[PDB]
Amino acid sequence: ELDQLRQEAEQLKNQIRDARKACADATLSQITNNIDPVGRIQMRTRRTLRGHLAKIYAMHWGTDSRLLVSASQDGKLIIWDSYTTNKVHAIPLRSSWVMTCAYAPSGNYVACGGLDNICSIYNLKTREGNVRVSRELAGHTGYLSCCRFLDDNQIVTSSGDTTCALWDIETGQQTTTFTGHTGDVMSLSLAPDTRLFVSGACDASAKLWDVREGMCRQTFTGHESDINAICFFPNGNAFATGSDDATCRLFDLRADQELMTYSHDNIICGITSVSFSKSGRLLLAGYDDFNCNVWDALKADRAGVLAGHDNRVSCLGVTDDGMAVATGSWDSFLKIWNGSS
Amino acid sequence: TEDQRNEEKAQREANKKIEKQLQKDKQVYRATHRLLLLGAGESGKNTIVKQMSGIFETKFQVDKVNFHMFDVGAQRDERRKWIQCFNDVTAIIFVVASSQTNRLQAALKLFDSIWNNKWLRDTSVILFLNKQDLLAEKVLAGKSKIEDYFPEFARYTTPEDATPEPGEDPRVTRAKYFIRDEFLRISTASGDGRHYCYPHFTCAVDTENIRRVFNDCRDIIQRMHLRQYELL
Amino acid sequence: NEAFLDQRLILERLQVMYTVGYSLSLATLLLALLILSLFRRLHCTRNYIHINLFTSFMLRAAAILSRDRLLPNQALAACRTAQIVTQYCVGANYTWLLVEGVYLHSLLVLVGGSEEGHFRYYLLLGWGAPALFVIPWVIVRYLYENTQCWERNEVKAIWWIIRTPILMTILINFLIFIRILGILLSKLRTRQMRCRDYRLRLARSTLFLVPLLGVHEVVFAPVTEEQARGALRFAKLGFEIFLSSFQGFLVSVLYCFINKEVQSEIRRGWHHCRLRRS
Amino acid sequence: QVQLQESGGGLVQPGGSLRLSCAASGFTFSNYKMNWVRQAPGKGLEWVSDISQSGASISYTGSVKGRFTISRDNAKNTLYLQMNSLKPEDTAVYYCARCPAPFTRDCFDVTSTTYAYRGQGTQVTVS
Amino acid sequence: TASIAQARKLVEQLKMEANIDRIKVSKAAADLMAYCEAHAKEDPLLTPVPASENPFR
């Protein structure tokens with residue numbers, strides 16, 4: 001009985017492969033050959049944020065692209081001011097182990113989660129001027145990998161167990177669950193329109209979910225190892241995925257297959273974080289070889305290198321405005337990079 | 001303007017207060033000691049926690065030294081992703097049942113993965129080999145477990161340096177030292193990093209495991225400091 | 001005579017080697033200060049103690065050179081001030097070595113706490129004990145038996161008043177480093193690695209206790225003008241000065257330069273600068 | 001994507017011979033440490049063998065040393081297990097797992113109920 | 001057994017994802033290039049903004 005099901009699944013997979021091969025008409029690298037190279041990208045560190053006293057796993061930028069919140073294993077959640085280097089808030093966490101944080105689009109709430117298997121939400125705007133846990137979200141079985149505010153009232157959380165959930169803060173109960181993954185759901189990135197989001201798991205595959213209905217639409221099995229980072233292209237019709245192969249790969253939703261690979265021979269370490277520039281021409285990608293890299297998103301030529309971190313680069317962010325690029329690391333230092341002419 | 005000056009002054013005052021709090025908490029953070037109690041299945045973790053929803057904490061302090069013991073309870077079996085979270089701890093208390101399938105081989109394959117992880121290679125490991133009595137009656141009962149689950153037990157002799165048992169069975173002490181030697185050969189095969197292993201034989205349920213942990217942590221800290229001063 | 005020309009030549013050679021050794025000490029010490037105060041990735045109590053030790057060495061190796069250069073009223077006042085500064089800094093060098101030993105022993109032995117707030121006490125001791133042990137000597141030498149600016153101590157009560165605290169501090173350093181070497185020997189014998197690992201103990205002991213052996217330097221600091229008759233006379237005369245210059249140099253080098261963290265950081269900085277330039 | 005599919009297996013008398021092969025068609029074979037895993041009908045998963053990136057460091061689970069031989073061929077992207085002198089205790093389901101990351105001598109989660117880079121079953125029975 | 005349910009869920013997922021239709025990769029690449037060139041001017045990282053209005057100067 002199971003043999004028939006396995007044969008059917010195999011022949012659907014073969015049909016999908018044949019359809020993708022037939023749809024494969026040209027190559028983005030071939031098309032982009034006749035375009036002017038980006039050139040040398042010189043960016044120097046403008047600010048160093050040196051308040052944390054333990055390694056940083058997460059940072060996030062505000063919508064205004066001025067405030068950034070950073071989390072560390074020492075049970076602190078410090079909210080910086082990038083321009084003046086001052087610290088605005090410092091929230092002592094109940095659990096020392098937090099692997100993620102998220103700054104709400106409204107600027108009112110901040111999320112945080114980790115090995116406690118719960119997501120804590122702090123409302124920064126209080127009458128007494130003190131930050132306190134507004135809500136505790138429990139129901140995930142494994143650790144909490146990533147959490148992104150889809151709104152001020154609903155947050156998507158990707159947990160260690162093979163399950164993503166869409167919550168509702170005003171009531172605290174899950175609204176929709178996203179089952180179908182096989183391994184740890186390491187990362188998660190929302191679409192620009194908050195209509196879709198991709199989740200990169202540890203089974204070397206990525207899915208595309210729609211929050212309103214709640215089922216996967218497409219799958220992208222291009223990689224060959226754990227997927228640690230994921231990021232939508234600014235168009236909202238493509239995304240890049242970092243894995244432990246040291247290769248970023250640009251996928252396309254409409255084409256439903258890869259576009260072009262960002263591998264390099266000199267790179268052996270795994271990819272930890274991935275982000276795009278505002279225009280989508282650049283592709284910053286933090287590595288485990290202590291150095292962040294800048295790629296030409298259309299030609300896969302290394303434009304520049306963001307060397308300067310003592311330990312591995314765990315988190316990488318590009319401002320919504322697009323000016324600066326913050327890179328946290330495991331040496332407990334945040335650095336705000338920028339370019340000058 | 002004057003308003004922006006007032007805003008900047010308020011921001012500097014808030015920064016000063018937050019920095020004061022951070023400095024005050026830094027001493028506590030640097031004073032406390034973090035341990036990750038990582039047992040390979042049901043090997044005595046319950047009784048070890050007795051004598052001293054995702055993760056657990058047991059704040060026990062000994063000789064004005066504060067200790068954190070983290071027990072990973074509700075996490076999945078997939079350990080390769082959240083174990084990088086614990087490369088800043090001082091030591092990894094590892095618990096092995098020395099008695100479904102062969103548990104000792106699973107313990108060894110977890111131990112060498114922990115040893116050879118590129119982020120955990122700077123972290124020391126402390127071994128507790130529980131179920132000493134269980135191994136004792138298993139050996140005395142003529143049960144074919146070790147002599148056929150490890151073919152190399154036949155050509156093994158108890159080392160001449162260590163024999164502290166008062167009246168225990170020589171076969172039992174040979175089994176104990178064989179298991180300890182297996183873990184020690186795993187530990188000593190690779191000297192890639194700057195970490196050490198402290199194997200212990202947890203037999204009595206008395207308040208001696210806490211003393212062993214305290215002495216091991218003292219040794220770990222002393223080695224780390226002497227290495228940082230390039231003396232060791 | 002030919003022999004007398006030989007002593008003249010060897011005295012000239014040892015004097016120029018003395019000057020060269022102090023110049024090298026200044027060069028290496030300034031290198032260390034620039035590295036430690038510019039690199040900024042190494043700012044802890046350990047490196048702060050290292051910086052204070054090296055600036056005490058600044059004081060000593062500059063005051064002694066200035067006094068020797070100005071050695072023959074402006075001249076009398078200059079000589080007196082240079083000699084007072086020299087006494088204060090030769091006290092401060094050993095006091096700061098003692099501060100380092102005390103810090104390492106406390107960091108290695110005291111259980112729990114791991115405090116970093118005693119740097120004020122360490123700094124006060126290091127830069128104040130020599131002042132407290134020098135001011136009575138300068139006051140008594142100004143009030144009684146006031147020589148021109150300085151002279152070899154004609155009274156044991158004048159030699160002791162400035163040498164006794166030095167001997168006390170160096171004895172405490174001997175005891176503390178014996179305790180630290182005992183701990184290190186226990187650590188080495190716990191593993192029983194190899195004979196090279198065993199001899200590493202004696203190597204570290206010697207290379208960290210040479211500044212303790214500086215006692216011979218400070219005891220025979222005031223060298224004469226004319227050397228008496230004999231071979232061991234000029235042999236030692238070269239010996240203490242060569243070992244003192246080498247002592248400043250070896251402190252400067254094998255006290256901070258052999259640090260793996262600073263070596264890795266300077267390699268990282270050089271590689272990053274090379275990549276940025278190219 | 002990885003698509004690890006094994007061959008061989010079946011019925012054999014005790015003391016007989018059998019050969020198991022592994023087919024990998026989704027990654028670079030020469031970068032990953034490939035190891036075999038077997039699961040008894042009633043017991044849990046049990047690590048049985050492994051092989052290094054090049055084929056230098058080879059280990060066995062005990063009670064199978066000598067009678068089991070593992071070798072890899074990077075040219076054809078195939079992993080083998082030459083297994084000999086079987087006993088009824090050898091009856092199990094054999095899986096051809098793969099360590100999650102390349103160029104790492106450690107790989108954590110291979111003997112787990114829900115691994116992602118291991119193949120399907122390969123029935124082996126002895127009677 | 002759970003194997004039957006897992007296989008049925010997997011088959012249903014692949015069927016409902018195969019029901020969709022793709023778009024030419026050449027067209028997708030052309031659209032990506034068009035977006036990149038249209039928004040190239042307003043890229044503070046691609047073209048270094050003069051330090052007069054740079055917030056992080």
# chains A, B, ... in the order shown; residues from 1 in each chain; ligands from 1
$ closest_atom_pairs --of "chain B" --to "chain C" --cutoff "6 Å" --atoms "only C-alpha atoms" --output "Markdown table"
| residue | atom | partner | partner_atom | distance |
| --- | --- | --- | --- | --- |
| B:31 | CA | C:113 | CA | 5.2 |
| B:65 | CA | C:112 | CA | 4.9 |
| B:222 | CA | C:108 | CA | 5.7 |
$ residues_around --residues "region 104-118 of chain D" --least-positions-apart "3" --cutoff "9 Å" --atoms "only C-alpha atoms" --output "VMD selection string"
(chain A and resid 182 to 183 202 to 204 225) or (chain B and resid 77 to 80 106 109 to 110 112 to 118) or (chain D and resid 2 to 5 31 to 33 35 37 to 38 44 to 47 52 to 53 95 to 101)
$ closest_residue --among "A:341, A:171, A:159, A:241" --to "residue 259 (chain A)" --atoms "only C-alpha atoms"
A:241
$ residues_around --residues "residue 57 (chain C)" --least-positions-apart "6" --cutoff "10 Å" --atoms "only C-alpha atoms" --output "VMD selection string"
chain C and resid 25 to 26 29 to 30 51 63 89 to 90 92 to 93 96 248 251 to 252
$ interface_residues --of "chain A" --to "chain B" --cutoff "10 Å" --atoms "only C-alpha atoms" --output "VMD selection string"
chain A and resid 51 to 55 57 73 to 76 78 80 to 81 84 to 91 95 97 to 99 114 to 118 138 140 to 145 160 to 161 183 to 184 186 202 226 228
$ closest_residue --among "A:336, A:267, A:77, A:137" --to "chain E" --atoms "only C-alpha atoms"
A:336
$ closest_residue --among "D:15, D:39, D:21, D:10" --to "residue 82 (chain D)" --atoms "only C-alpha atoms"
D:21
$ atom_distance --atom1 "CA of residue 22 (chain D)" --atom2 "CA of residue 247 (chain A)"
25.6 Å
$ closest_residue --among "D:1, D:49, D:61, D:7" --to "chain B" --atoms "only C-alpha atoms"
D:61
$ residues_around --residues "residue 77 (chain D)" --least-positions-apart "4" --cutoff "7 Å" --atoms "only C-alpha atoms" --output "PyMOL selection string"
chain D and resi 23-24+29+73
